[PDB]
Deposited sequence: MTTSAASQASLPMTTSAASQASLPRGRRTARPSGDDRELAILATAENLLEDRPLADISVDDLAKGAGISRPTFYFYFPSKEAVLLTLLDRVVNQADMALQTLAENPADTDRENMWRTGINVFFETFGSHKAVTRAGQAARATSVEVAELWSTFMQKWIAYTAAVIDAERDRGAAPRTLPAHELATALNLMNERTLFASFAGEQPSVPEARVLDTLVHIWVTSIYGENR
């Protein structure tokens, strides 16, 4: 309500500048509320970012669950694309959220909890592919899954932030899908 206005303001301001350069007064002003009214909904601007990141992570997780409840190259591409579109639609929050992992235990723990879930699901799909005889028994599935998820984390976030170096955003899906399919199916 006022909560949503605060969150919408924070997402808008993060498009232009870092959390460090955004005051509680900036978020209050943008949301049309006082400073003490702000503090009724959120203990800090840090908790605003935690809630924004929580919503974006849950949106991606819910989109991947929808896919899971329904060719091998297209199967992986469709799944990687959940993360590309979801985080790529929320670049300001992605970026600020990754930077807050260093300073926020709640942000580090949110990101860690979802990465463990996404890795466990990746490993379960590789195992299914091995069980049906489509993928060879090479590396431990859980270790392969970990490295691939870490690759995607670093490569997606570098591309969205326009880091040097980065894969251009228009090439990153093809790039990741190639490495996933060759490393999962390759003998």
Report summary line: Absent from the model, numbered along the deposited sequence, are 1-35, 106-109, 227-228
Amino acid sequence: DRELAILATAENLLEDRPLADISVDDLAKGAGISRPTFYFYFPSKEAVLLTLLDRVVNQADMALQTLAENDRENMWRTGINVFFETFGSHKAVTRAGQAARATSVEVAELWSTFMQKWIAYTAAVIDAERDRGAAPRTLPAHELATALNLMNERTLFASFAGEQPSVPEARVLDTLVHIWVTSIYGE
From here on, numbers count along this sequence of modelled residues.
Requested in this report: Return whichever of 28-36 and 114-122 has the greater mean Cα B factor according to the PDB record.
Outcome: 28-36
**Report entry** Mean Cα B-factor comparison, 37-45 or 140-148, giving the higher one as deposited
**Finding:** 37-45
Query raised in the report: Where does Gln98 sit by CA temperature factor within its chain: lowest, middle or highest third?
Result: highest
Query raised in the report: Lowest, middle or highest third of the chain for the C-alpha temperature factor of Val105?
Result: highest
Query raised in the report: Going by the entry, which third of its chain does the Cα temperature factor of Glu169 land in?
Result: lowest
Report summary line: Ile6: C-alpha B-factor third of its chain, per the entry, is the middle
Query raised in the report: By the record's CA B-factor, is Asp54 among the lowest, middle or highest third of residues in the chain?
Result: middle
